[PDB]
Amino acid sequence: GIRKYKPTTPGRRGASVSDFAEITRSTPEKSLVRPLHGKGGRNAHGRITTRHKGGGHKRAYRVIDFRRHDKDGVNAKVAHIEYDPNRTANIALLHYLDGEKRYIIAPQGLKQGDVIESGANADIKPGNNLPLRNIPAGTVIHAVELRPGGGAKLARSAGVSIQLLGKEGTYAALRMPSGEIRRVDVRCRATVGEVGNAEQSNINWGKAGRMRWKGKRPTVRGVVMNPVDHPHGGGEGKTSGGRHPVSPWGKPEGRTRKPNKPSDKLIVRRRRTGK
Amino acid sequence: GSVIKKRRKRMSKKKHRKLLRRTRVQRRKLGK
Amino acid sequence: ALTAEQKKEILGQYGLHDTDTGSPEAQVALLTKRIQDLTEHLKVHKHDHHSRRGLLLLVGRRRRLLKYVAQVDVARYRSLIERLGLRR
Amino acid sequence: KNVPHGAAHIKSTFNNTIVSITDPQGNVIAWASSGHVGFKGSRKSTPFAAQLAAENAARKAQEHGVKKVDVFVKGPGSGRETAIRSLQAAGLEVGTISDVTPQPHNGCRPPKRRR
Amino acid sequence: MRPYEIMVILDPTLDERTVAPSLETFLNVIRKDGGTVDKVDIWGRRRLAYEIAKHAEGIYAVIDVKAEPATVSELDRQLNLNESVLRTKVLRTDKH
Amino acid sequence: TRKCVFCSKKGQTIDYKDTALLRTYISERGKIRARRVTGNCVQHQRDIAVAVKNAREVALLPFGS
RNA sequence: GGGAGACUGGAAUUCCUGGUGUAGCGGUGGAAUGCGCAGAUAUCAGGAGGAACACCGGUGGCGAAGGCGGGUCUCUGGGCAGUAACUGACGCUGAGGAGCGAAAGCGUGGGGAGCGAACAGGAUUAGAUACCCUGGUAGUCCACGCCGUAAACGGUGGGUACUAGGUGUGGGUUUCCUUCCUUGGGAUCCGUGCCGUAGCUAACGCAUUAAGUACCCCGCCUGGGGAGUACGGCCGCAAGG
Ligand SMILES: [Mg+2]
Ligand SMILES: [Mg+2]
Ligand SMILES: [Mg+2]
Ligand SMILES: [Mg+2]
Ligand SMILES: [Mg+2]
Ligand SMILES: [Mg+2]
Ligand SMILES: [Mg+2]
Ligand SMILES: [Mg+2]
Ligand SMILES: [Mg+2]
Ligand SMILES: [Mg+2]
Ligand SMILES: [Mg+2]
Ligand SMILES: [Mg+2]
Ligand SMILES: [Mg+2]
Ligand SMILES: [Mg+2]
Ligand SMILES: [Mg+2]
Ligand SMILES: [Mg+2]
Ligand SMILES: [Mg+2]
Ligand SMILES: [Mg+2]
Ligand SMILES: [Mg+2]
Ligand SMILES: [Mg+2]
Ligand SMILES: [Mg+2]
Ligand SMILES: [Mg+2]
Ligand SMILES: [Mg+2]
Ligand SMILES: [Mg+2]
Ligand SMILES: [Mg+2]
Ligand SMILES: [Mg+2]
Ligand SMILES: [Mg+2]
Ligand SMILES: [Mg+2]
Ligand SMILES: [Mg+2]
Ligand SMILES: [Mg+2]
Ligand SMILES: [Mg+2]
Ligand SMILES: [Mg+2]
Ligand SMILES: [Mg+2]
Ligand SMILES: [Mg+2]
Ligand SMILES: [Mg+2]
Ligand SMILES: [Mg+2]
Ligand SMILES: [Mg+2]
Ligand SMILES: [Mg+2]
Ligand SMILES: [Mg+2]
Ligand SMILES: [Mg+2]
Ligand SMILES: [Mg+2]
Ligand SMILES: [Mg+2]
Ligand SMILES: [Mg+2]
Ligand SMILES: [Mg+2]
Ligand SMILES: [Mg+2]
Ligand SMILES: [Mg+2]
Ligand SMILES: [Mg+2]
Ligand SMILES: [Zn+2]
């Protein structure tokens with residue numbers, strides 16, 4: 001649910017926060033948490049690779065399962081739904097009948113006290129995982145594998161979904177979340193359903209702190225920059241830069257995808273904006 | 001029975017509506 | 001709608017004697033039972049505006065009958081109020 | 001290719017007419033239309049264009065060796081009888097005549113009227 | 001406690017002899033709950049007017065049951081959850 | 001105006017089972033004839049319409065084959 | 001076709017996947033912008049999604065007025081006829097007040113197949129900011145709140161008793177030619193159409209469903225414009241009433 005704050009202070013007017021009506025617990029399994037440290041936006045050399053990113057809050061990482069091939073044909077029951085900062089969508093805790101405990105992304109519409117079948121011939125209940133060869137055409141999926149045994153590497157953020165079109169030969173055509181069409185080997189695995197927590201878009205923050213805590217720093221504009229530091233800089237007053245807009249390393253906008261890529265001569269079509 | 005009276009009333013109402021639409025901004029500035 | 005069994009037991013319990021059916025006491029008892037049941041219905045069903053019209057008609061009839069009972073007598077009116085647990 | 005039994009598909013709109021000869025399984029062999037015959041604009045709607053299209057399609061089908069066809073017709077009537085008669089005269093024979101016109105069951109919304 | 005009539009269509013792949021035990025085990029739930037009465041008649045293997053679920057033939061069975069609304073809704077959901085059934089219709093035999 | 005066969009006390013019952021009875025009241029295009037042609041009363045006409053269209057739903061009559 | 005909730009049915013348009021297939025397809029009184037030779041239209045199979053339910057269906061039924069029709073299940077309001085067991089004048093009206101109230105419009109959040117204000121082009125005209133053609137954003141849909149207005153018309157307020165007939169139609173009870181099947185015939189109560197006397201009306205027309213002869217209560221009008229406008233006040237986030 002979405003909760004809206006009643007205005008009582010100038011900085012809090014219009015702010016919002018997601019009402020956690022789907023959470024059950026606030027304590028991850030001690031046996032599955034692993035440590036993590038703030039990288040700070042630098043790299044091995046010490047330089048800043050990406051500007052205006054840093055600061056934040058000491059987060060702990062949860063190990064997620066993105067293979068789902070080791071355990072097959074064994075049912076599992078959903079235990080709890082838990083908060084996860086590292087990724088947008090919520091996560092769920094599973095108890096396998098053999099006793100092992102595991103984490104997975106929480107699909108939309110799931111709830112406590114439910115049975116998830118992960119077999120290669122499992123049912124079409126949302127949350128099941130099975131190879132595309134066995135999945136009927138037209139259904140919706142998420143967490144798709146790019147190549148067999150490669151791990152879930154697509155459609156993971158909140159509100160996203162992929163639609164599976166018909167089949168032919170050894171390839172299946174998938175609608176990307178942004179309108180593209182891509183082929184993939186049918187041997188790979190996928191999951192049925194859509195990721196939950198679709199109400200992320202409506203969040204309105206309203207306060208510079210709610211961004212600084214998440215770890216985004218000021219942006220500083222180009223036209224205010226000095227001429228030496230930025231190509232747009234300089235000028236008496238404020239000006240549009242006196243030159244076509246350009247990134248602050250000299251290279252202008254336009255083409256960005258390296259041609260002759262091994263997928264260039266095999267993939268179908270590109271994105272279209274605002275049709 | 002006829003239509004002339006209705007047409008006249010319609011014309012007057014249209015003129016008044018157009019005047020209000022055009023003067024909206026001045027009305028708002030004066031009132032507020 | 002009320003059926004024969006509950007209608008008969010209400011009449012037997014609230015009537016002045018074993019043959020009256022049109023007595024104001026029986027009228028009020030039947031009306032209040034109907035209102036209770038149908039209000040319970042509208043508790044779950046929200047947008048039945050025709051049923052709301054039914055509520056209004058039944059409430060008006062009950063109020064008017066109670067007014068007549070008050071006009072004819074006072075002790076009977078008070079006894080009916082206390083027995084049915086209403087306010088007016 | 002060679003097919004003894006085939007099917008004929010004819011549709012006639014208010015300003016065009018297209019005819020195609022197809023196998024019983026649905027595959028097409030040859031097709032003809034007024035545009036291919038060589039008529040442009042409003043001249044395309046005359047029944048004579050439909051007759052020429054039907055004759056050309058029948059000839060091209062007889063080239064592949066089609067003996068009998070079944071006619072499926074649809075659309076508002078412009079050159080129905082003329083096309084059927086031209087197909088008859090072209091040297092082919094029809095088994096059955098079936099009228100299958102798409103009739104919506106009060107779906108969608110038609111475009112507004114003309115003034 | 002009202003009279004109901006139920007018609008169920010079964011796919012032709014099933015055997016004629018095996019259907020009746022399936023119906024009995026389906027209606028056992030009603031029989032054990034509301035102390036109901038029922039009568040079962042079977043007559044099938046007839047061509048269908050139009051293609052359904054990529055099938056052309058089917059089995060028609062008519063059932064008469066006297067049970068509660070909740071029990072009949074239970075039966076309906078249980079049947080429709082099955083994969084060997086095609087269609088189900090339930091209606092009252094009385095005036096309403 | 002011809003006579004309504006169902007107002008009689010000897011008239012047969014109407015339901016979505018009698019395939020021939022339902023067929024006799026529909027045109028070979030698969031549609032329902034008008035009450036003016038049929039000659040039956042309003043109640044029986046509606047009962048016949050409901051029965052035929054229920055049978056059509058339960059797949060015993062074609063959708064205008 | 002009185003209302004609400006749940007489940008579910010097929011046709012059709014669009015889109016997408018996969019075969020057949022060759023250069024056109026769409027369009028108007030006549031032509032052009034448009035989509036194709038990177039494979040269109042057409043045709044066959046499969047899939048996805050949204051809205052509405054031909055034939056029954058009509059000057060027919062229901063609701064106080066707006067309005068109401070794909071099927072099945074659950075809850076629920078009102079009316080009509082008969083017997084007449086019961087209460088025993090408890091009836092009508094209703095200033096202010098409260099409730100319901102077509103389509104458009106506004107706030108929050110979803111969904112978006114078709115249609116389509118605003119806006120682009122194409123065409124006609126001396127000028128087209130239009131009628132015509134190709135595209136298309138709000139909106140039309142759903143949930144929760146708003147505003148409360150229409151030729152919201154039978155241009156005819158509510159209740160009651162009386163005043164020649166005739167002919168269709170819906171619903172329910174009765175009796176006789178009697179097959180007793182039967183728009184065979186007769187009596188009675190309610191609803192809905194058309195033609196007609198006495199009567200009324202300036203005339204058009206109304207005529208047992210009165211604009212007739214009568215009684216009770218409420219609203220409204222006193223020459224056309226100025227004006228349903230100005231000021232004040234109430235309501236509303238805004239349009240505005
Ligand atoms: Mg660590
Ligand atoms: Mg170094
Ligand atoms: Mg940045
Ligand atoms: Mg620090
Ligand atoms: Mg997250
Ligand atoms: Mg703030
Ligand atoms: Mg900046
Ligand atoms: Mg500076
Ligand atoms: Mg400076
Ligand atoms: Mg420097
Ligand atoms: Mg420089
Ligand atoms: Mg400079
Ligand atoms: Mg400067
Ligand atoms: Mg300057
Ligand atoms: Mg500038
Ligand atoms: Mg630039
Ligand atoms: Mg003037
Ligand atoms: Mg034309
Ligand atoms: Mg058009
Ligand atoms: Mg009936
Ligand atoms: Mg609803
Ligand atoms: Mg194709
Ligand atoms: Mg096609
Ligand atoms: Mg009822
Ligand atoms: Mg008496
Ligand atoms: Mg008043
Ligand atoms: Mg209201
Ligand atoms: Mg609206
Ligand atoms: Mg607006
Ligand atoms: Mg809106
Ligand atoms: Mg919106
Ligand atoms: Mg779409
Ligand atoms: Mg223009
Ligand atoms: Mg359009
Ligand atoms: Mg008005
Ligand atoms: Mg109206
Ligand atoms: Mg009067
Ligand atoms: Mg009458
Ligand atoms: Mg006279
Ligand atoms: Mg006169
Ligand atoms: Mg008259
Ligand atoms: Mg009258
Ligand atoms: Mg007068
Ligand atoms: Mg004056
Ligand atoms: Mg005025
Ligand atoms: Mg005013
Ligand atoms: Mg004022
Ligand atoms: Zn009859």
# chains A, B, ... in the order shown; residues from 1 in each chain; ligands from 1

$ residues_around --residues "stretch 23-36 of chain E" --least-positions-apart "2" --cutoff "6 Å" --atoms "only C-alpha atoms (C1' of nucleotides)" --output "MDAnalysis selection string"
chainID E and resid 20:21 66:67

$ residues_around --residues "residue F:32" --least-positions-apart "6" --cutoff "8 Å" --atoms "only C-alpha atoms (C1' of nucleotides)" --output "number ranges by chain"
F: 25-26, 49; G: 55-56

$ write_last_selection --atoms "N, CA and C atoms (P, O5', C5', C4', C3', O3' and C1' of nucleotides)" --output "PDB file, in the first residue's frame"
ATOM      1  N   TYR F  25     -37.684 -24.800 -34.316  1.00  0.00           N
ATOM      2  CA  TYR F  25     -38.000 -23.393 -34.107  1.00  0.00           C
ATOM      3  C   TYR F  25     -36.850 -22.462 -34.478  1.00  0.00           C
ATOM      4  N   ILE F  26     -35.879 -22.930 -35.259  1.00  0.00           N
ATOM      5  CA  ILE F  26     -34.768 -22.097 -35.699  1.00  0.00           C
ATOM      6  C   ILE F  26     -34.583 -22.265 -37.200  1.00  0.00           C
ATOM      7  N   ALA F  49     -36.646 -19.182 -26.458  1.00  0.00           N
ATOM      8  CA  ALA F  49     -35.426 -18.439 -26.758  1.00  0.00           C
ATOM      9  C   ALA F  49     -34.339 -18.744 -25.735  1.00  0.00           C
TER      10      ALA F  49
ATOM     11  P     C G  55     -31.719  -8.195 -33.142  1.00  0.00           P
ATOM     12  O5'   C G  55     -32.233  -9.560 -33.777  1.00  0.00           O
ATOM     13  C5'   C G  55     -32.214  -9.757 -35.182  1.00  0.00           C
ATOM     14  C4'   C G  55     -32.206 -11.221 -35.531  1.00  0.00           C
ATOM     15  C3'   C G  55     -33.199 -12.091 -34.779  1.00  0.00           C
ATOM     16  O3'   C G  55     -34.506 -12.031 -35.323  1.00  0.00           O
ATOM     17  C1'   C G  55     -31.076 -13.133 -34.784  1.00  0.00           C
ATOM     18  P     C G  56     -35.614 -11.069 -34.670  1.00  0.00           P
ATOM     19  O5'   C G  56     -35.933 -11.742 -33.263  1.00  0.00           O
ATOM     20  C5'   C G  56     -36.719 -12.920 -33.180  1.00  0.00           C
ATOM     21  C4'   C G  56     -36.804 -13.430 -31.765  1.00  0.00           C
ATOM     22  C3'   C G  56     -37.377 -12.466 -30.738  1.00  0.00           C
ATOM     23  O3'   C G  56     -38.794 -12.446 -30.734  1.00  0.00           O
ATOM     24  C1'   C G  56     -35.397 -13.444 -29.891  1.00  0.00           C
TER      25        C G  56
END

$ select_by_dssp --residues "chain F" --states "helix (DSSP H, G or I)" --output "PyMOL selection string"
chain F and resi 19-23+35-38+42-57

$ residues_near_ligand --ligand "ligand 31" --cutoff "9 Å" --atoms "only C-alpha atoms (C1' of nucleotides) and all ligand atoms" --output "ChimeraX atom specification"
/G:108-110

$ write_last_selection --atoms "N, CA and C atoms (P, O5', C5', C4', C3', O3' and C1' of nucleotides)" --output "PDB file, in the first residue's frame"
ATOM      1  P     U G 108      -3.976  14.221  -9.423  1.00  0.00           P
ATOM      2  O5'   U G 108      -4.126  12.900  -8.547  1.00  0.00           O
ATOM      3  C5'   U G 108      -3.748  12.897  -7.181  1.00  0.00           C
ATOM      4  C4'   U G 108      -4.013  11.565  -6.528  1.00  0.00           C
ATOM      5  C3'   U G 108      -3.534  10.339  -7.283  1.00  0.00           C
ATOM      6  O3'   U G 108      -2.141  10.114  -7.167  1.00  0.00           O
ATOM      7  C1'   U G 108      -5.721   9.963  -6.492  1.00  0.00           C
ATOM      8  P     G G 109      -1.302   9.627  -8.448  1.00  0.00           P
ATOM      9  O5'   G G 109      -1.809   8.137  -8.694  1.00  0.00           O
ATOM     10  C5'   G G 109      -1.555   7.130  -7.728  1.00  0.00           C
ATOM     11  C4'   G G 109      -2.218   5.819  -8.074  1.00  0.00           C
ATOM     12  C3'   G G 109      -1.997   5.282  -9.476  1.00  0.00           C
ATOM     13  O3'   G G 109      -0.728   4.682  -9.655  1.00  0.00           O
ATOM     14  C1'   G G 109      -4.265   5.002  -8.849  1.00  0.00           C
ATOM     15  P     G G 110      -0.350   4.020 -11.068  1.00  0.00           P
ATOM     16  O5'   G G 110      -1.319   2.761 -11.181  1.00  0.00           O
ATOM     17  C5'   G G 110      -1.389   2.009 -12.383  1.00  0.00           C
ATOM     18  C4'   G G 110      -2.563   1.061 -12.389  1.00  0.00           C
ATOM     19  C3'   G G 110      -2.966   0.527 -13.755  1.00  0.00           C
ATOM     20  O3'   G G 110      -2.184  -0.583 -14.155  1.00  0.00           O
ATOM     21  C1'   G G 110      -4.889   1.281 -12.593  1.00  0.00           C
TER      22        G G 110
END

$ interface_residues --of "chain G" --to "chain B" --cutoff "10 Å" --atoms "only C-alpha atoms (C1' of nucleotides)" --output "MDAnalysis selection string"
chainID G and resid 155 227:229

$ write_last_selection --atoms "N, CA, C and O atoms (P, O5', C5', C4', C3', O3' and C1' of nucleotides)" --output "PDB file, in the first residue's frame"
ATOM      1  P     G G 155     -45.261  16.746 -25.559  1.00  0.00           P
ATOM      2  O5'   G G 155     -44.540  17.694 -24.503  1.00  0.00           O
ATOM      3  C5'   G G 155     -45.283  18.651 -23.756  1.00  0.00           C
ATOM      4  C4'   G G 155     -44.445  19.287 -22.672  1.00  0.00           C
ATOM      5  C3'   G G 155     -45.192  20.274 -21.785  1.00  0.00           C
ATOM      6  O3'   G G 155     -44.635  20.280 -20.469  1.00  0.00           O
ATOM      7  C1'   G G 155     -43.495  21.413 -22.976  1.00  0.00           C
ATOM      8  P     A G 227     -27.456  42.993 -19.003  1.00  0.00           P
ATOM      9  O5'   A G 227     -28.408  41.715 -19.063  1.00  0.00           O
ATOM     10  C5'   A G 227     -27.864  40.406 -18.924  1.00  0.00           C
ATOM     11  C4'   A G 227     -28.810  39.450 -18.234  1.00  0.00           C
ATOM     12  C3'   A G 227     -30.063  39.065 -19.023  1.00  0.00           C
ATOM     13  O3'   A G 227     -30.403  37.709 -18.740  1.00  0.00           O
ATOM     14  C1'   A G 227     -30.698  40.010 -16.969  1.00  0.00           C
ATOM     15  P     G G 228     -30.450  36.610 -19.910  1.00  0.00           P
ATOM     16  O5'   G G 228     -31.112  35.341 -19.211  1.00  0.00           O
ATOM     17  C5'   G G 228     -30.345  34.486 -18.369  1.00  0.00           C
ATOM     18  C4'   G G 228     -30.031  35.140 -17.045  1.00  0.00           C
ATOM     19  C3'   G G 228     -29.140  34.325 -16.107  1.00  0.00           C
ATOM     20  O3'   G G 228     -28.297  35.203 -15.364  1.00  0.00           O
ATOM     21  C1'   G G 228     -31.185  34.782 -15.039  1.00  0.00           C
ATOM     22  P     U G 229     -26.782  34.789 -15.030  1.00  0.00           P
ATOM     23  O5'   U G 229     -26.026  36.184 -14.894  1.00  0.00           O
ATOM     24  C5'   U G 229     -25.389  36.779 -16.015  1.00  0.00           C
ATOM     25  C4'   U G 229     -25.290  38.277 -15.874  1.00  0.00           C
ATOM     26  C3'   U G 229     -24.831  38.798 -14.523  1.00  0.00           C
ATOM     27  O3'   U G 229     -23.425  38.746 -14.355  1.00  0.00           O
ATOM     28  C1'   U G 229     -26.722  40.020 -15.234  1.00  0.00           C
TER      29        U G 229
END

$ atom_distance --atom1 "atom CA of residue D:49" --atom2 "atom CA of residue D:62"
20.0 Å

$ select_by_dssp --residues "stretch 163-265 of chain A" --states "strand (DSSP E)" --output "list in words"
residues 163, 164, 165, 166, 167, 168, 171, 172, 173, 174, 175, 181, 182, 183, 184, 185, 189, 190, 191 and 192 of chain A

$ write_last_selection --atoms "N, CA and C atoms" --output "short mmCIF file (atom, residue, chain, number, x, y, z; two decimals), in the first residue's frame"
data_model
loop_
_atom_site.label_atom_id
_atom_site.label_comp_id
_atom_site.auth_asym_id
_atom_site.auth_seq_id
_atom_site.Cartn_x
_atom_site.Cartn_y
_atom_site.Cartn_z
N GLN A 163 7.10 -11.32 -22.10
CA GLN A 163 6.06 -12.12 -22.73
C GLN A 163 6.67 -13.07 -23.75
N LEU A 164 6.33 -14.35 -23.65
CA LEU A 164 6.88 -15.36 -24.53
C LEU A 164 5.97 -15.57 -25.74
N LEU A 165 6.53 -15.43 -26.92
CA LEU A 165 5.81 -15.59 -28.18
C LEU A 165 5.95 -17.04 -28.64
N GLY A 166 5.56 -17.40 -29.86
CA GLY A 166 5.65 -18.78 -30.30
C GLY A 166 7.08 -19.28 -30.36
N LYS A 167 7.22 -20.49 -30.89
CA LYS A 167 8.50 -21.18 -30.92
C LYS A 167 8.76 -21.68 -32.33
N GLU A 168 10.04 -21.86 -32.66
CA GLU A 168 10.42 -22.35 -33.97
C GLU A 168 11.85 -22.86 -33.89
N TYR A 171 14.87 -21.87 -31.15
CA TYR A 171 14.84 -20.52 -30.61
C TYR A 171 13.44 -20.13 -30.18
N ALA A 172 13.37 -19.24 -29.19
CA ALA A 172 12.12 -18.67 -28.73
C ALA A 172 12.23 -17.15 -28.72
N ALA A 173 11.15 -16.48 -29.12
CA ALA A 173 11.12 -15.03 -29.26
C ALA A 173 10.48 -14.41 -28.02
N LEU A 174 11.17 -13.45 -27.41
CA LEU A 174 10.75 -12.84 -26.15
C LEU A 174 10.62 -11.33 -26.31
N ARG A 175 9.46 -10.80 -25.94
CA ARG A 175 9.27 -9.35 -25.86
C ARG A 175 10.05 -8.82 -24.67
N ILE A 181 12.63 -7.42 -29.45
CA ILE A 181 12.39 -8.84 -29.62
C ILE A 181 13.75 -9.53 -29.74
N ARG A 182 13.97 -10.55 -28.91
CA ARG A 182 15.25 -11.22 -28.83
C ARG A 182 15.03 -12.73 -28.83
N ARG A 183 15.92 -13.45 -29.51
CA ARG A 183 15.87 -14.90 -29.52
C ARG A 183 16.84 -15.47 -28.49
N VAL A 184 16.49 -16.64 -27.96
CA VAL A 184 17.31 -17.31 -26.95
C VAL A 184 17.17 -18.81 -27.12
N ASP A 185 18.24 -19.53 -26.79
CA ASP A 185 18.21 -20.99 -26.84
C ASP A 185 17.18 -21.53 -25.86
N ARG A 189 16.39 -21.83 -18.63
CA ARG A 189 15.26 -21.87 -17.72
C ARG A 189 14.71 -20.47 -17.47
N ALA A 190 13.49 -20.43 -16.93
CA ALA A 190 12.82 -19.18 -16.61
C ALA A 190 11.80 -19.44 -15.51
N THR A 191 11.14 -18.37 -15.07
CA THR A 191 10.16 -18.44 -14.00
C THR A 191 8.86 -17.77 -14.45
N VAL A 192 7.74 -18.33 -14.01
CA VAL A 192 6.43 -17.82 -14.42
C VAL A 192 5.98 -16.74 -13.44
#

$ residues_near_ligand --ligand "ligand 38" --cutoff "10 Å" --atoms "only C-alpha atoms (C1' of nucleotides) and all ligand atoms" --output "list in words"
residues 169, 190, 191, 192, 193, 208 and 209 of chain G

$ write_last_selection --atoms "N, CA and C atoms (P, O5', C5', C4', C3', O3' and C1' of nucleotides)" --output "PDB file, in the first residue's frame"
ATOM      1  P     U G 169     -54.831  -8.879 -30.203  1.00  0.00           P
ATOM      2  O5'   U G 169     -53.864  -8.195 -29.140  1.00  0.00           O
ATOM      3  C5'   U G 169     -52.563  -7.766 -29.512  1.00  0.00           C
ATOM      4  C4'   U G 169     -51.850  -7.107 -28.361  1.00  0.00           C
ATOM      5  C3'   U G 169     -51.874  -7.862 -27.045  1.00  0.00           C
ATOM      6  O3'   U G 169     -50.915  -8.903 -26.991  1.00  0.00           O
ATOM      7  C1'   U G 169     -52.384  -5.586 -26.662  1.00  0.00           C
ATOM      8  P     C G 190     -59.909  -1.200 -11.981  1.00  0.00           P
ATOM      9  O5'   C G 190     -58.366  -1.529 -12.204  1.00  0.00           O
ATOM     10  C5'   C G 190     -57.438  -1.400 -11.138  1.00  0.00           C
ATOM     11  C4'   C G 190     -56.058  -1.866 -11.531  1.00  0.00           C
ATOM     12  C3'   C G 190     -55.427  -1.186 -12.734  1.00  0.00           C
ATOM     13  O3'   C G 190     -54.885   0.089 -12.442  1.00  0.00           O
ATOM     14  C1'   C G 190     -55.119  -3.519 -12.900  1.00  0.00           C
ATOM     15  P     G G 191     -54.812   1.214 -13.588  1.00  0.00           P
ATOM     16  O5'   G G 191     -53.764   0.633 -14.639  1.00  0.00           O
ATOM     17  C5'   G G 191     -52.404   0.454 -14.275  1.00  0.00           C
ATOM     18  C4'   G G 191     -51.547   0.008 -15.435  1.00  0.00           C
ATOM     19  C3'   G G 191     -51.581   0.865 -16.689  1.00  0.00           C
ATOM     20  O3'   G G 191     -50.803   2.042 -16.578  1.00  0.00           O
ATOM     21  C1'   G G 191     -51.625  -1.437 -17.269  1.00  0.00           C
ATOM     22  P     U G 192     -50.992   3.237 -17.633  1.00  0.00           P
ATOM     23  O5'   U G 192     -50.698   2.560 -19.046  1.00  0.00           O
ATOM     24  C5'   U G 192     -49.366   2.316 -19.470  1.00  0.00           C
ATOM     25  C4'   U G 192     -49.320   1.659 -20.829  1.00  0.00           C
ATOM     26  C3'   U G 192     -49.887   2.470 -21.982  1.00  0.00           C
ATOM     27  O3'   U G 192     -48.973   3.440 -22.463  1.00  0.00           O
ATOM     28  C1'   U G 192     -50.662   0.231 -22.113  1.00  0.00           C
ATOM     29  P     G G 193     -49.496   4.677 -23.342  1.00  0.00           P
ATOM     30  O5'   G G 193     -50.093   3.992 -24.648  1.00  0.00           O
ATOM     31  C5'   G G 193     -50.896   4.729 -25.555  1.00  0.00           C
ATOM     32  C4'   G G 193     -50.950   4.068 -26.908  1.00  0.00           C
ATOM     33  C3'   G G 193     -51.965   4.637 -27.887  1.00  0.00           C
ATOM     34  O3'   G G 193     -51.490   5.797 -28.547  1.00  0.00           O
ATOM     35  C1'   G G 193     -52.100   2.271 -27.877  1.00  0.00           C
ATOM     36  P     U G 208     -61.390   8.908 -23.160  1.00  0.00           P
ATOM     37  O5'   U G 208     -61.450   8.284 -21.697  1.00  0.00           O
ATOM     38  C5'   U G 208     -60.488   8.644 -20.712  1.00  0.00           C
ATOM     39  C4'   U G 208     -60.806   8.028 -19.373  1.00  0.00           C
ATOM     40  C3'   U G 208     -60.965   6.511 -19.381  1.00  0.00           C
ATOM     41  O3'   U G 208     -60.488   5.962 -18.154  1.00  0.00           O
ATOM     42  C1'   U G 208     -62.992   7.515 -18.685  1.00  0.00           C
ATOM     43  P     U G 209     -59.267   4.918 -18.165  1.00  0.00           P
ATOM     44  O5'   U G 209     -57.972   5.843 -18.178  1.00  0.00           O
ATOM     45  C5'   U G 209     -57.577   6.556 -17.012  1.00  0.00           C
ATOM     46  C4'   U G 209     -56.394   7.453 -17.276  1.00  0.00           C
ATOM     47  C3'   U G 209     -56.663   8.627 -18.214  1.00  0.00           C
ATOM     48  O3'   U G 209     -55.881   9.751 -17.816  1.00  0.00           O
ATOM     49  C1'   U G 209     -54.977   7.255 -19.135  1.00  0.00           C
TER      50        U G 209
END

$ interface_residues --of "chain D" --to "chain G" --cutoff "9 Å" --atoms "only C-alpha atoms (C1' of nucleotides)" --output "PyMOL selection string"
chain D and resi 9+15+18-20+22+25-31+35-36+41-42+102-112+114-115

$ decode --residues "stretch 10-22 of chain F" --atoms "C-alpha atoms" --output "mmCIF file, in the first residue's frame"
data_model
loop_
_atom_site.group_PDB
_atom_site.id
_atom_site.type_symbol
_atom_site.label_atom_id
_atom_site.label_comp_id
_atom_site.auth_asym_id
_atom_site.auth_seq_id
_atom_site.Cartn_x
_atom_site.Cartn_y
_atom_site.Cartn_z
ATOM 1 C CA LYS F 10 -51.140 -31.525 -23.674
ATOM 2 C CA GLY F 11 -48.163 -29.450 -24.812
ATOM 3 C CA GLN F 12 -44.724 -30.891 -24.211
ATOM 4 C CA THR F 13 -42.334 -29.368 -21.700
ATOM 5 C CA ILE F 14 -39.644 -26.970 -22.924
ATOM 6 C CA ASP F 15 -35.983 -27.454 -22.023
ATOM 7 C CA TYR F 16 -32.552 -27.476 -23.640
ATOM 8 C CA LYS F 17 -32.606 -31.281 -24.040
ATOM 9 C CA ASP F 18 -35.095 -31.860 -26.887
ATOM 10 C CA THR F 19 -32.763 -31.283 -29.821
ATOM 11 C CA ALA F 20 -35.465 -31.822 -32.455
ATOM 12 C CA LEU F 21 -37.950 -29.619 -30.597
ATOM 13 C CA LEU F 22 -35.405 -26.804 -30.417
#
